[PDB]
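Encoded as structure tokens, the following chain is the form deposited in one PDB entry, with no partner shown.
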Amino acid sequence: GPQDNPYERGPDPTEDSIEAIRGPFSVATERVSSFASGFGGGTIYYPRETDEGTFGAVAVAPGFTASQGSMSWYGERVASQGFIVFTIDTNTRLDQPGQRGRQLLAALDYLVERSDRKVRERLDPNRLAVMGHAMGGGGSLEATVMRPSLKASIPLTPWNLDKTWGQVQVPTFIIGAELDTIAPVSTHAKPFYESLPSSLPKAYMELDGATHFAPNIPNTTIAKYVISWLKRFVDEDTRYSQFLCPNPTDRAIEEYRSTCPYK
């Protein structure tokens, strides 16, 4: 309840509520032409309802390789659970994970500093997160080392040649795709997960039979645990602990690793 946590939003969850295509909040959008010079723009998704309090925010980065598939589906799916979601446009000029990390941070800076007042009136600037696909997932990792005050990080089929992440202090949930040949889990996702501190709240979820572009298509297994991770760490909402610990065992999941329980 709200008494023990002022950041709780929405009714008490179930497996069904985390799997829902839309949560309890209706969602509005705001296009942004540019959030920083050189970095391009994106789309902000925000809950319309203000009567439960302000919300944390997640910036969402795409990958590098050409694909008309996108990150847009995360926008309303996640925002409708009570979050501000800023999907960042593709940018072929940013060809390194560190650049995508800086892009993620610039997007968050914009949200906090000078986004439309409708968004800022709904925003808790102290509770921010990053998520990204592929090189953008590498960027999520990079962003957390650059900004350890972030509340959560979700690298989706992440790609990064830097394999060492022992300095990450932000709760990190890595999603891998079994059949990924672009960011293979054996040399990307798994070494990232294993290098994160043993005392970090962390998880690794691998999707059975999934290709590299699985995160670009609506996927309930991804969504339900992304939602649960953001709830648990951006909102400190322990009502969502039930879905994260003990480890998920959904049929769609190849393997799950975690540092449960999350104190």
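C-alpha atoms forming the largest set that superposes within 1.5 Å between two forms make up the rigid core. Quick note: we count residues from 1 along the sequence shown, nothing fancier.
Another form, the form deposited in another entry, is not on view; read the next lines as being about it.
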Listed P197, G69, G41, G53; moving between this form and the one not shown by 2 Å or more at the CA after core fit is just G69
Could you tell me whether the Cα atom of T90 shifts by at least 2 Å between this form and the one not shown after core superposition?
-> yes
Against the displayed form, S72 vs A66 by Cα, in that other deposited form, with 3 angstroms or more change: pair is closer
A change of 3 Å or more separates this form from the other: in that other deposited form, the C-alpha atoms of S72 and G69 are closer
